[PDB]
Amino acid sequence: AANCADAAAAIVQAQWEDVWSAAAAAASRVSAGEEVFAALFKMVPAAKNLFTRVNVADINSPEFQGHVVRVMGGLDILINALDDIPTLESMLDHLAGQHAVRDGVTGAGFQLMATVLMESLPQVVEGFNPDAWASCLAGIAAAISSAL
Amino acid sequence: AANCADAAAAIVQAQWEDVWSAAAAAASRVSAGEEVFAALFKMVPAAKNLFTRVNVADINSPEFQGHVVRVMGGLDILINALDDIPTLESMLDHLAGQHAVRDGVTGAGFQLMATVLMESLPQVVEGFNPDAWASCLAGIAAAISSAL
Amino acid sequence: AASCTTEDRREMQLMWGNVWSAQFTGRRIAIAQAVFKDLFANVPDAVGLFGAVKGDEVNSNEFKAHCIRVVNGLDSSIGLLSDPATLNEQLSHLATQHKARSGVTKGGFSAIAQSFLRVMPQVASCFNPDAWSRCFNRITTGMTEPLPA
Amino acid sequence: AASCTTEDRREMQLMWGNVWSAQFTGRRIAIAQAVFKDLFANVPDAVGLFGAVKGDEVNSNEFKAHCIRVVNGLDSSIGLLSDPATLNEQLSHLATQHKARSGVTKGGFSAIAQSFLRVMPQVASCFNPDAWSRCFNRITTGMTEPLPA
Amino acid sequence: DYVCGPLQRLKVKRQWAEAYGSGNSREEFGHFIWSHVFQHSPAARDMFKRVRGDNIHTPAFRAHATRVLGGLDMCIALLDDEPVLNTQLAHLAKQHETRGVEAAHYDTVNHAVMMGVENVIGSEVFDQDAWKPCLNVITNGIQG
Amino acid sequence: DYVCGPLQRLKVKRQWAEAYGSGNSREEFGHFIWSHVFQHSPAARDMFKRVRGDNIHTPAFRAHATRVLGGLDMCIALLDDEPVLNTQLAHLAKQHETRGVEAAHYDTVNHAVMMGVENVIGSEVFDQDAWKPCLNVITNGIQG
Amino acid sequence: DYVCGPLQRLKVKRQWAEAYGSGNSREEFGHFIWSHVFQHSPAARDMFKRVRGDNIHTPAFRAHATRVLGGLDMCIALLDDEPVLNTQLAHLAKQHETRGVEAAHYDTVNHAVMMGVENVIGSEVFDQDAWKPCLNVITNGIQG
Amino acid sequence: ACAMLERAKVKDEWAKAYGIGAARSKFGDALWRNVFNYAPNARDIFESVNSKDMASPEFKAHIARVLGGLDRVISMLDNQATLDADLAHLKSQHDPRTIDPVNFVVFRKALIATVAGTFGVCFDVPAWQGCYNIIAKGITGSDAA
Amino acid sequence: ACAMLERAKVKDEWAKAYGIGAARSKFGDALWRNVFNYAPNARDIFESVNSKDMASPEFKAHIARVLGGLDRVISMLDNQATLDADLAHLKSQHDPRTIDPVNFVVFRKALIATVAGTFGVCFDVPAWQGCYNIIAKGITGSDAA
Amino acid sequence: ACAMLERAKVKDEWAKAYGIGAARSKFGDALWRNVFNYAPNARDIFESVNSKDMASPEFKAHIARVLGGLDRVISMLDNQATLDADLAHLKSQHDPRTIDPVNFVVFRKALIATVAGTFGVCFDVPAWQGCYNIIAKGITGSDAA
Ligand code: HEM
Ligand code: HEM
Ligand code: HEM
Ligand code: HEM
Ligand code: HEM
Ligand code: HEM
Ligand code: HEM
Ligand code: HEM
Ligand code: HEM
Ligand code: HEM
Ligand SMILES: [Zn+2]
Ligand SMILES: [Zn+2]
Ligand SMILES: [Zn+2]
Ligand SMILES: [Zn+2]
Ligand SMILES: [Zn+2]
Ligand SMILES: [Zn+2]
């Protein structure tokens with residue numbers, strides 16, 4: 001199960017939509033991602049060698065920028081399908097498979113990711129709500145990482 | 001007749017309700033009463049010996065506190081039935097009888113009471129309106145005291 | 001009849017607000033004069049009271065200015081009818097301003113009042129004499145606290 | 001059951017807001033006492049913790065004032081549930097105020113919580129134990145960060 | 001950008017009209033003004049000891065403000081009639097005679113009144129080059 | 001026009017009730033007050049270095065304000081129970097003991113709180129002759 | 001609680017967006033700011049003698065404010081492009097060169113602008129730890 | 001049983017139910033209709049107050065008074081001191097009428113109906129019966145009601 | 001006492017209160033919330049039906065069944081024949097659970113609250129208590145309830 | 001008679017009636033419909049302004065002018081100076097048309113209808129007839145109208 005209260009969900013939605021809607025700016029989406037990873041790395045540089053395939057060597061490279069975006073799209077997909085519990089399932093399942101296959105990704109690599117989004121979302125979000133976010137995020141961070 | 005304008009009445013209502021509604025506090029009702037009498041006495045101490053029956057000896061006594069409350073209830077009954085002119089009649093008639101029988105109560109003991117409420121209501125009431133109040137109060141102060 | 005009721009005050013307020021001119025002194029003076037002219041007609045020795053403001057030359061600047069001040073005063077009270085607490089203070093002040101003038105009797109007001117009653121209907125639209133009276137007298141009562149009679 | 005959901009907080013907020021008395025200390029003390037009386041009954045050595053505030057004389061001014069302070073604190077958190085970011089700071093503060101008192105165990109809260117659960121339904125109108133519990137425990141969790149157990 | 005000309009007067013007349021409303025919000029209009037006056041010159045309160053200048057939220061003071069704005073209304077209304085205007089301004093002057101109103105005091109009240117007027121009618125439209133000078137004409141009259 | 005009498009207390013109690021709203025707008029109520037406090041005494045911020053007194057728009061500070069108004073609510077609520085009130089006032093006093101709160105500081109906060117209350121309930125109805133004195137009873141208590 | 005980081009910039013960008021509205025209320029947004037500026041530093045008006053700094057309620061001045069906020073919009077919009085930003089900041093600097101703008105003057109305008117922004121978007125949400133530093137980046141640039 | 005909490009509660013609910021203005025008249029009318037339907041014979045008891053015409057000012061006046069009593073008493077539940085004295089007073093007013101205390105039970109029933117009926121499913125039946133009895137006892141020293 | 005009229009009446013009101021569709025679920029949820037608030041200890045009795053989660057299908061299912069019982073029984077008040085048999089049946093279902101009959105009193109209270117709270121001031125308190133008892137008696141042969 | 005008060009009043013009401021914008025056109029159209037129904041023969045008098053088509057711009061233009069005259073004159077009632085001069089002017093404009101002054105009476109009637117009809121029962125009939133005449137007199141020195 002990848003759900004949280006119908007309302008705890010609507011909150012996250014508004015907030016996420018607030019910083020990442022289809023109508024933002026190519027530059028904003030990039031920075032959110034850039035920051036997310038830069039932070040995800042300073043926390044555990046032992047993880048950099050995990051994105052070698054996507055020019056992680058140069059975070060500002062197209063290859064990597066492209067990767068980052070793919071991640072955002074995903075988080076969006078999730079956050080947004082938070083109201084449709086059964087679909088979010090497939091959502092997760094998929095992402096899970098996509099990660100279980102990447103040799104090296106740990107079920108705690110995600111724990112780190114979480115801490116990062118949590119420590120930096122309030123920087124960009126308006127009336128950020130850690131509770132609603134923790135309630136919905138851990139719900140799916142747990143589903144995506146169903147291996148290792 | 002125990003009436004005042006339909007509107008002059010509605011005003012008093014809101015104001016009275018403002019300080020004495022069934023949903024106040026046992027402590028607030030007491031103080032309004034306590035003050036009303038304390039003031040009613042400093043004005044005419046010659047009246048204290050009129051409530052001897054209700055432990056007026058000790059204003060904070062249960063017996064007296066009980067009396068005070070009975071008075072408030074009454075004023076409430078009146079103020080509130082101000083819109084129904086014919087019922088306020090019976091209201092008055094009754095109170096009248098209840099007072100005409102108490103040997104000592106003067107048709108001016110009430111005049112004093114009035115002056116008291118008037119000088120102290122604005123202390124507790126919000127946008128206190130002496131006019132509306134005088135117009136409705138004198139209407140019934142006059143009906144209750146229909147003897148002596 | 002009885003007393004100046006809330007309903008009455010609302011009415012009083014409109015009858016007045018409608019003939020009132022917020023930008024010029026024209027109508028004010030016109031009405032003020034119509035009143036005084038009528039007062040002075042029904043009360044001979046009255047004119048003798050406005051010596052300080054040339055009550056003889058009703059078209060004199062001194063008196064016009066006076067009218068302006070009177071009409072203003074009445075406006076003050078009429079509008080203040082909605083806030084009796086404050087009206088009381090205001091009327092008390094007016095009262096004092098009148099206690100200070102020898103010759104000003106409670107009965108003088110009783111007269112000017114009749115005058116207004118004769119004038120207003122001429123300039124005001126759908127005038128309500130009764131309501132107006134009730135409240136006018138409420139304002140009077142206050143203005144005339146210690147005055148003789 | 002699970003966690004204090006948004007819906008839950010709204011509920012928690014009402015159950016509380018309805019028995020709350022914004023103008024007097026009456027009900028507050030009445031409720032506070034009913035709770036402590038029940039806590040002290042199910043946990044003997046608990047009373048020994050409120051020596052500084054005469055926890056023996058529950059009707060003592062020292063303790064009443066205490067109840068007032070406690071009920072106030074819980075009000076703070078309950079209302080702050082709508083703004084978790086700030087709630088966190090607030091609960092952290094309460095946490096510190098409690099880390100400073102030897103004898104205050106995480107399990108002590110676990111108890112007082114049961115007490116509230118026994119009391120609220122008596123004074124509160126249509127009480128929702130489950131929802132209340134979920135959110136009460138959310139507040140507890142924060143207040144009791146480093147406390148033993 | 002001054003000179004209370006005939007046109008500026010007409011303007012102030014109309015804008016005053018809007019601010020001095022119909023006959024209700026005058027309590028709040030007065031409060032705003034006087035409130036602002038004392039926010040600038042807290043000391044000024046000492047001159048109004050007779051009318052509860054310590055608490056403008058008082059029937060006593062409210063009544064005072066009533067008189068003030070009322071006077072003000074007359075002057076603004078007389079603005080087009082120079083002769084009668086000065087006669088009135090004279091009357092107002094005598095009403096202040098003894099009292100120690102300094103020039104800076106009138107500056108404050110004038111400012112406050114404009115603030116009050118702007119507050120009600122809005123910054124978009126508020127002829128300052130009309131109020132400023134025309135208000136002075138009135139003030140300088142009471143000045144003596 | 002002072003003396004926090006039993007009736008003035010009842011009044012403050014009810015008006016406080018309206019201002020301290022239901023349990024939502026308290027964030028803005030707090031903000032207004034403290035905002036106003038620092039607008040008057042910018043220096044005062046230095047006393048709140050532990051709770052982000054530099055930016056009141058902070059969960060840290062918001063939480064602080066929460067505690068303050070909360071304490072204030074208790075005192076106002078205890079106003080009718082002299083004995084318990086002073087017991088509490090005593091507690092509050094000890095909570096300030098070390099901190100160098102000058103008398104003028106309390107005057108400011110008191111003023112601010114009233115502004116805050118008036119802001120919400122309106123100038124029409126706001127018993128200043130009740131808040132002023134009753135607030136002092138509380139302040140003078142914490143005073144020590 | 002400073003450092004105009006890339007995220008703080010994104011924030012300021014969005015909040016500025018809301019305040020600088022759609023293209024209407026800009027007149028009032030400008031008025032508020034500049035109004036506040038002179039309420040703090042009445043003297044500052046003397047620097048704007050060319051654009052009716054004596055009456056901000058003037059097409060002349062309104063036009064001025066338009067230019068200012070406009071410049072400000074560019075800087076905030078360039079915040080993410082360091083290189084082009086400084087190029088612009090440079091241009092702005094030269095536009096002030098002669099004029100005697102003291103550091104404290106920028107502090108005031110900066111403060112005012114934030115007040116303006118907060119006024120529109122609300123105290124609940126208004127990242128001060130972002131505006132404060134980011135605005136300085138712009139100011140310190142014009143500084144020279 | 002009528003605990004201090006039960007009282008705070010009974011008051012709370014009474015307040016909500018008794019209403020503010022016209023609602024009170026309505027409530028009163030509802031209450032008494034019930035009283036006389038629950039015990040149609042108890043009507044003759046109030047002929048002194050023209051119970052013949054349930055809409056007569058005479059009777060509405062009565063209703064007014066009894067409700068006022070009910071209010072002032074309930075509101076004082078958190079003050080034994082006054083409560084007892086006032087209840088004692090009411091006893092003095094009812095003793096001479098020699099009323100079968102069973103009628104006060106009918107009342108309790110009717111009151112419950114009327115208050116719950118107006119207040120909602122939240123109505124605390126036990127708390128009401130308990131505290132109602134503290135009052136009935138005080139007015140007609142009987143069983144416990 | 002529970003007269004034939006009182007029964008016709010109790011049915012009439014139950015019908016109005018129990019409602020038609022979604023109203024029934026609501027009522028049930030209301031009724032049980034009351035039951036467990038009136039006697040919080042009685043909750044542990046229903047752990048067999050997951051009373052832990054008052055919104056669990058397991059429990060809603062339970063509520064459904066008990067309400068259905070309540071309905072089929074009340075509706076049969078005008079037919080001793082069936083009523084007795086069905087009540088007897090219910091007894092068979094409850095006897096082995098060894099339940100303190102006092103709980104059935106709590107229920108009566110809670111039911112009154114819920115029904116009156118939903119039905120309105122017209123609620124006939126005495127008729128309900130009387131006929132409710134005919135059912136309680138039949139289910140747990142005790143005092144008279 | 002047309003006192004200074006009566007004038008302040010006539011103006012006040014005219015203002016309310018004449019309206020602000022589209023209301024004026026409406027009023028004008030109403031007024032003239034009345035004029036020509038009250039005296040159908042007076043229509044031929046205005047063929048110079050295409051009175052054939054009462055909706056023709058030619059005639060609407062006329063209506064516009066006469067109303068404008070009516071307004072500028074009424075508004076000047078509190079200033080004999082101007083009033084007389086302007087009325088005199090209007091006389092110069094009408095004298096050469098040799099119009100039977102009786103028509104001006106028809107007008108007065110029609111005006112009263114139109115203004116009272118638009119203004120309301122508050123309409124001061126005598127004040128209007130009086131002051132209307134001051135204008136009619138000035139435009140066609142006749143009886144007193
Ligand atoms: C909640 C945050 C996360 C989401 C939603 C997410 C999403 C994605 C998506 C959509 C892809 C690319 C799918 C594709 O191949 O088409 C991906 C790839 C990947 N993710 Fe994640 N991811 C998350 C967290 C993490 C974390 C914490 C790690 C470990 C530090 C991680 C490591 C990887 C790696 C190594 C790849 C493969 C990159 C490549 O193709 O070379 N992900 N992720
Ligand atoms: C408008 C205000 C007043 C109201 C509505 C009022 C109401 C009442 C009521 C309800 C009672 C008790 C009825 C009962 O015996 O059950 C009462 C009793 C009494 N009232 Fe008044 N009253 C008012 C003013 C006064 C005044 C001015 C006096 C004289 C100072 C007065 C003297 C008494 C006395 C002596 C009793 C008898 C107390 C006793 O039982 O020992 N009342 N009044
Ligand atoms: C009954 C007839 C009245 C008489 C005999 C009377 C007489 C006077 C007199 C002689 C003055 C002094 C004028 C001067 O020397 O400056 C005066 C001033 C005044 N009166 Fe009256 N008055 C009467 C009615 C009223 C009424 C009804 C109002 C309006 C409600 C009114 C408002 C004023 C005001 C505002 C002042 C000017 C105070 C000042 O600015 O100094 N008067 N009156
Ligand atoms: C689990 C049981 C708890 C224990 C054993 C405990 C114990 C204490 C003790 C002994 C004090 C110190 C009293 C003094 O010396 O002044 C205290 C203070 C306090 N407690 Fe707790 N507490 C408990 C639960 C709670 C809860 C749930 C709340 C409310 C949400 C609360 C709110 C407070 C507050 C506000 C203070 C006063 C701080 C001050 O003003 O100095 N406590 N507590
Ligand atoms: C510019 C507009 C002003 C106008 C039109 C005006 C008008 C008035 C009027 C009509 C009165 C009442 C006189 C009476 O009825 O006895 C008054 C009183 C007074 N005015 Fe002014 N005033 C103005 C400015 C000022 C200023 C600048 C100050 C002081 C800062 C001031 C101080 C006073 C004082 C002290 C009183 C006497 C209060 C009392 O009755 O005790 N006025 N003013
Ligand atoms: C008149 C109303 C006032 C009340 C009711 C009040 C109440 C409080 C309360 C309850 C606390 C938190 C104590 C704790 O839980 O540790 C507090 C803290 C504090 N108060 Fe007050 N206070 C008032 C006025 C003031 C004033 C006038 C100042 C300074 C201008 C002030 C300065 C402080 C400071 C510095 C703190 C400590 C902040 C921290 O926790 O770091 N207080 N106050
Ligand atoms: C921090 C934001 C600021 C920005 C973005 C800014 C922007 C501008 C711009 C674009 C112009 C118009 C240049 C032109 O088109 O000729 C201007 C003019 C001016 N600025 Fe600034 N400015 C700022 C702060 C300040 C401050 C702090 C002051 C003074 C307290 C100031 C004083 C002036 C003056 C005196 C002018 C010239 C007015 C004129 O054209 O006569 N500026 N500013
Ligand atoms: C707890 C419920 C009751 C309360 C609070 C109550 C209160 C009152 C009050 C305030 C009065 C009028 C006092 C006066 O004379 O001024 C009254 C009168 C009376 N009550 Fe009660 N009462 C209650 C129940 C009953 C019941 C159950 C009966 C009889 C079935 C009853 C019979 C009477 C009668 C006959 C009067 C006399 C009215 C008259 O003839 O003037 N009361 N009651
Ligand atoms: C007149 C009211 C009541 C009615 C009509 C009633 C009816 C029912 C019905 C229909 C069932 C389920 C039958 C089945 O197993 O298919 C049931 C089950 C049960 N009832 Fe009652 N009941 C009533 C009151 C109570 C009370 C007061 C208690 C205990 C406080 C109680 C305890 C139980 C228990 C424990 C079950 C077992 C459910 C399970 O575990 O499956 N009932 N009741
Ligand atoms: C008091 C009422 C009247 C007023 C204020 C008035 C005003 C005017 C005005 C302003 C004009 C046009 C001036 C111009 O040529 O620029 C005009 C034209 C005219 N009026 Fe009147 N008028 C009034 C009544 C009448 C009446 C009663 C008649 C005849 C029954 C009349 C017949 C005419 C005619 C024939 C024209 C000539 C229009 C043309 O052919 O151009 N008017 N009037
Ligand atoms: Zn200012
Ligand atoms: Zn401005
Ligand atoms: Zn201030
Ligand atoms: Zn104020
Ligand atoms: Zn500022
Ligand atoms: Zn702020």
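Residues numbered from 1 in each chain as written, not as in the entry; some residues may be left out. Chains lettered and ligands numbered in written order. Part of a larger assembly, values for the part shown. Heavy atoms only, no water.

- Structure determination for the deposited model, as stated in its record, used X-ray crystallography, and the stated resolution is 3.15 Å.

- Going by what the PDB entry lists, chain E is known as Giant hemoglobins B chain and is assigned to Riftia pachyptila.
- This entry's official PDB title is "Crystal structure of Riftia pachyptila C1 hemoglobin reveals novel assembly of 24 subunits".
- Recorded under Sequence similarities, the UniProt text for chain E is reproduced unchanged: "Belongs to the globin family." (UniProt positions renumbered as here; feature names shortened; annotations may be inferred.)

- For chain C, the name recorded in the PDB entry is hemoglobin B2 chain, with Riftia pachyptila as its organism.
- Looking at chain C in UniProt, the text filed under Sequence similarities (unreviewed entry) is "Belongs to the globin family."

1. Some details on the coordination of the iron atom of ligand 10
Here is step 1 of the chain: For the iron atom of ligand 10, the protein supplies a single donor, J:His94 (NE2), at a distance of 2.0 Å.
Here is step 2 of the chain: Here J:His94 is to be found in helix α4 (residues 80-94). (Donors = N, O, S within 2.8 Å, 3.2 Å for Na, K, Ca; no water. Helix = DSSP H or I, 4+ residues; strand = E, 2+ residues; numbered from the N terminus.)

2. Re the interface of chain H and chain I
Here is step 1 of the chain: Opposite the 17 residues of chain H that make contact, chain I presents 16 residues.
Here is step 2 of the chain: Counting across the chain H and chain I interface gives zero salt bridges.
Here is step 3 of the chain: Only α2 (22-38), α5 (102-119) and α6 (125-140) of chain H provide two or more residues apiece to the side of chain H that touches chain I.
Here is step 4 of the chain: Of the residues forming the side of chain H that touches chain I, the biggest block, seven residues, is contributed by α5(H). (Contact = heavy atoms within 4.5 Å. Salt bridge = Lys/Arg side-chain N within 4 Å of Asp/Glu carboxyl O.)

3. Focus on the relation of the copies chain H and chain I
Here is step 1 of the chain: Relative to chain I, chain H is turned by 179 degrees and slid 0.0 Å along the rotation axis, the superposed coordinates differing by an RMSD of 0.0 Å. Here the two chains are linked by the operation of a two-fold rotation axis. The position closest to the rotation axis in chain H is occupied by the C-alpha of H:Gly117, lying 2.5 Å away.
Here is step 2 of the chain: Comparing interface residues between copies, 94% of those in chain H also lie at the interface in chain I; the contact surface is shared. (Least-squares fit on C-alpha atoms.)

4. Overview of the site of ligand 1
Residues and elements named next belong to chain A.
Here is step 1 of the chain: Inspection of the region around ligand 1 gives 17 residues, with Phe 51, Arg 53, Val 54, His 99 and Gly 109 positioned closest.
Here is step 2 of the chain: Of all the secondary structure elements, the ones that give two or more residues to the shell around ligand 1 are α3 (62-80), α4 (85-100) and α5 (109-124).
Here is step 3 of the chain: Counting residues per element, the shell around ligand 1 draws most heavily on α3, at four residues.
Here is step 4 of the chain: Counted by class, the shell around ligand 1 contains 10 nonpolar, four polar and three charged residues. (Near = heavy atom within 4 Å. Nonpolar A, V, L, I, M, F, W, Y, C, P; charged D, E, K, R; others polar.)

5. Comments concerning the site of ligand 3
Here is step 1 of the chain: The environment of ligand 3 is made up of 18 residues, and the closest members are C:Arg69, C:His98, C:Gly108, C:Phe109 and E:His91.
Here is step 2 of the chain: With respect to ligand 3, the chains having nearby residues are chains C and E.
Here is step 3 of the chain: Contact between ligand 3 and C:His98: a nitrogen atom at 2.8 Å from a side-chain N or O atom of the residue.
Here is step 4 of the chain: Separating an oxygen atom of ligand 3 from a side-chain N or O atom of E:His91 is a distance of 2.8 Å.
Here is step 5 of the chain: For the shell around ligand 3, the elements supplying multiple residues, two or more each, are α3 (61-80), α4 (84-99) and α5 (106-123) of chain C together with α4 (82-96) of chain E.
Here is step 6 of the chain: If one sorts the elements of the shell around ligand 3 by residue count, α3(C) sits on top with four residues.
Here is step 7 of the chain: Per-class residue counts for the shell around ligand 3 are 10 nonpolar, six polar and two charged. (Polar contact = N/O pair within 3.5 Å; in protein donor to acceptor, adjacent residues only side chain to side chain.)

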